[PDB]
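Engineer: coords below, sequence missing:
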Ligand SMILES: [Fe+3]
């Protein structure tokens, strides 16, 4: 349930919440996001998130 933060915009990916409108149900770990997922607030890539 390790949260990750976007280092562009500060958005926090929270595995307990997922990202439904991008097809990520609640409970999905950050490491299991789809290869094409990007930060939903700013568009940044997953390579620019850090553990939070
Ligand atoms: Fe972002």
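Structural biologist: Noted; the coordinates are in hand. Numbers count the residues shown, from 1 in each chain.
Engineer: list the contacts for the residue nearest in space to the middle of the chain?
Structural biologist: Nearest to the mean C-alpha position of the chain, by C-alpha atoms, centre = their mean, lies residue 13 at 3.8 Å. Neighbouring residues of residue 13 by C-beta atoms under 8 Å, 6 or more residues apart in numbering: 3-6, 19, 30, 33, 49. The way it works is simple: take the backbone N, C-alpha and C, and place the C-beta from them, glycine included.
Engineer: Kindly report the same for residue 37.
Structural biologist: The neighbours of residue 37, taking C-beta under 8 Å, 6+ apart as the test, are 19, 22, 24, 46.
Engineer: Going along the chain, name the strands of this structure.
Structural biologist: Under the criterion DSSP state E, the chain carries strands at the ranges 4-6, 12-13, 49-51.
Engineer: which one of these is the most hemmed in?
Structural biologist: Mean neighbours per residue, mean count of other C-beta atoms under 10 Å, is largest over those for strand 4-6, with a mean of 19.
Engineer: is that strand anywhere near the ion?
Structural biologist: Yes. Interface with the ion: strand 4-6 contributes residue 6 (C-beta under 5 Å from the ion).
Engineer: Could you do stretch 41-52 as well?
Structural biologist: Yes. Using C-beta under 5 Å from the ion, we find that stretch 41-52 touches the ion at 41-42, 44.
Engineer: hmm, which of these are the buried ones?
Structural biologist: Buried by 16 or more other C-beta atoms under 10 Å: residue 44, out of these.
Engineer: Closest one of the residues of stretch 41-52 next to the ion to the ion?
Structural biologist: Nearest to the ion, judged by C-beta to the ion, of the residues of stretch 41-52 next to the ion is residue 42 at 3.4 Å.
Engineer: Next, find the distance separating the nearest residue to the closest one once chain neighbours are set aside from residue 44.
Structural biologist: Once flanking residues are discounted, residue 42 sits nearest to residue 9: 3.9 Å by C-beta to C-beta, 6 or more residues apart in numbering. For residue 9, the distance to residue 44 (C-beta to C-beta, to the nearest Å) stands at 7 Å.
Engineer: Alright, that wraps it up for me.
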